[PDB]
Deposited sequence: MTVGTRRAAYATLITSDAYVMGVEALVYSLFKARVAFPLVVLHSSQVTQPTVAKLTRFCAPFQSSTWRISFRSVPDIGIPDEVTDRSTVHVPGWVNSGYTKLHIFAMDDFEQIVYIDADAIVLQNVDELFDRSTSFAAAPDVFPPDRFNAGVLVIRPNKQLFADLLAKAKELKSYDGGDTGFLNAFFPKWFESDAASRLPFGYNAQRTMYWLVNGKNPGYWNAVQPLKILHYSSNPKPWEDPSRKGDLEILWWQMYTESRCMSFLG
């Protein structure tokens, strides 16, 4: 079993670094695979590898894997379904950070789990996925990628069209929102109804969905991201 993340542009390297360090800080008991697509330049890969080196130990491995871009690079994330050298993958977007150990996600008996999106709340968000790789399912995703329209023009819309009965699936396949707590809800509710956000307990993964990404541009959640990132740079370079 492994955690996996994805980088398809040099500009997201700071997101990966914050995520890597948040997993290190949470003492996760499974290795991490960083997928990087063709558009990520080799110097950025080398920089990322150097940043991760001080977090490597005999008890935690961070590995790197080249993957081809999957165009609509908008579908490159589908590569997690082909990683069948692993029985189970916990995939996390590079614009998320882990606040608490989430190793229990590997205890879910399902081939596919995701957390609900906020709009609408009976569809799922594709930023956190717990999957069991299967190369035949991967092939059919690739094939259907040229047929199924996506209501958000991205991988979330496409995956919901491919798994339209996710909402009806068992509890193992539907992650609580605390495993993919999207800052878009915080932005909307914090000023008037902050109690809606405080209801999300435990809050284990923060997802910095929508734009700009925190490294691209001072809300409370963005302060938290920079706290994680700057500590990561401090510990990687000085620790």
query: What ranges of the deposited sequence are left out of this structure?
result: 1-7, 80-96, 242-244
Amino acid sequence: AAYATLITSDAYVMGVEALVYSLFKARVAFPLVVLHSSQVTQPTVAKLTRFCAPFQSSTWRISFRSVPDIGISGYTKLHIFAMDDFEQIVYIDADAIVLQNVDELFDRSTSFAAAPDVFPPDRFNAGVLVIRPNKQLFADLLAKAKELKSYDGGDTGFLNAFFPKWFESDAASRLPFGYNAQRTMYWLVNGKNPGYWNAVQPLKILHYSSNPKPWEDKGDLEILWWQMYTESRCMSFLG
From here on, numbers count along this sequence of modelled residues.
query: Do the CA atoms of 193-201 or those of 166-174 have the higher mean B-factor in the entry?
result: 193-201
query: Of the two stretches 121-129 and 149-157, which shows the higher Cα B-factor on average in the entry?
result: 149-157
- request: Go through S73, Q88, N101, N134 one by one and give the residue whose Cα B-factor in the PDB entry is largest.
  value: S73
message: Ranking the modelled residues of this chain by C-alpha B-factor as given in the entry, is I223 in the lowest, middle or highest third?
response: middle
query: By the record's CA B-factor, is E17 among the lowest, middle or highest third of residues in the chain?
result: lowest
message: Could you place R27 in the lowest, middle or highest third of its chain by Cα temperature factor, using the values in the record?
response: middle
statement: Binned into thirds over the chain's modelled residues, the C-alpha B-factor of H207 lands in the lowest
task: Using the B-factors in the PDB entry, rank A181's C-alpha atom against the chain and give the third, lowest, middle or highest.
output: lowest
